[PDB]
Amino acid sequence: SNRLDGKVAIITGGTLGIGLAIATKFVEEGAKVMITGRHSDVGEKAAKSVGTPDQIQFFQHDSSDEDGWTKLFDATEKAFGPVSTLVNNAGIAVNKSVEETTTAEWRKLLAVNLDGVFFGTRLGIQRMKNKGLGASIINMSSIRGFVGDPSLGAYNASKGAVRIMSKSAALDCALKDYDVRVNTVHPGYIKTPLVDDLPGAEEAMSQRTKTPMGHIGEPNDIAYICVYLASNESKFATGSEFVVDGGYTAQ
């Protein structure tokens, strides 16, 4: 009930769905949280639904916006003190095969899913290192960082990139004794607001040829592995992939 005592976390894309569940459990475990999203209506409502401004605040930011990343860390420091924990969770999908992906679609997806995670990881190392915070960078990296989907070409590229870039950062932080860990989390199919707006999506995802458990997960499934990775319980885990997917990748 205080597994994140003293932690100060930034969670990108934290105003709905998976990111909001992470933020909710982080606050319940004692962390101070800054959540981001592009829309202030959603974000301010989300923060107030979780706790007081002494526990959680919202910062408007598109994770592809490099300059905004500096302002986000500045604001979080001023509200809560030194940032210890970063969850790079914001991401988008293009439902196109590699063959049918336009270059504009390619660049837009990579700006959020890859450039954004790079900007956050790079800045996080610079701001977290050598502060004795037990710092942890958690990069959201999908079953699509492991297995292809014929209709998710650019998404697959971005998730494979985050999977292995995170190992580079993990190693550099470990070898330099920075007291920063970097790991990736790989959700299978999760019942999100988006999933609920796509007719038939959940049923298709629950077929046993896709998810062997025969149903999809919920946002708290991803929140709990993120609590583990943000806490000092996982102080020896770095450079590794944590898969929570109902068996999807085991077959």
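Sequential numbering from 1, following the sequence displayed.
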Mind pulling up the entry and telling me whether 215 to 223 or 52 to 60 has the higher mean Cα temperature factor?
-> 52 to 60
Mean Cα B-factor check, 181 to 189 vs 28 to 36, entry values; winner is 28 to 36
Could you check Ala157, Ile137, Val117, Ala79 and tell me which one carries the biggest Cα B-factor in the deposited entry?
-> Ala79
Among the chain's modelled residues, which third holds the C-alpha B-factor of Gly145?
-> lowest
Within this chain, which third does the Cα B-factor at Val94 fall in: lowest, middle or highest?
-> highest
Assigned third (lowest, middle, highest) for the C-alpha B factor of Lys176 = middle
Sorting the chain's modelled residues by C-alpha B-factor and splitting them into thirds places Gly19 in the middle
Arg163: which third of its chain by C-alpha temperature factor?
-> lowest
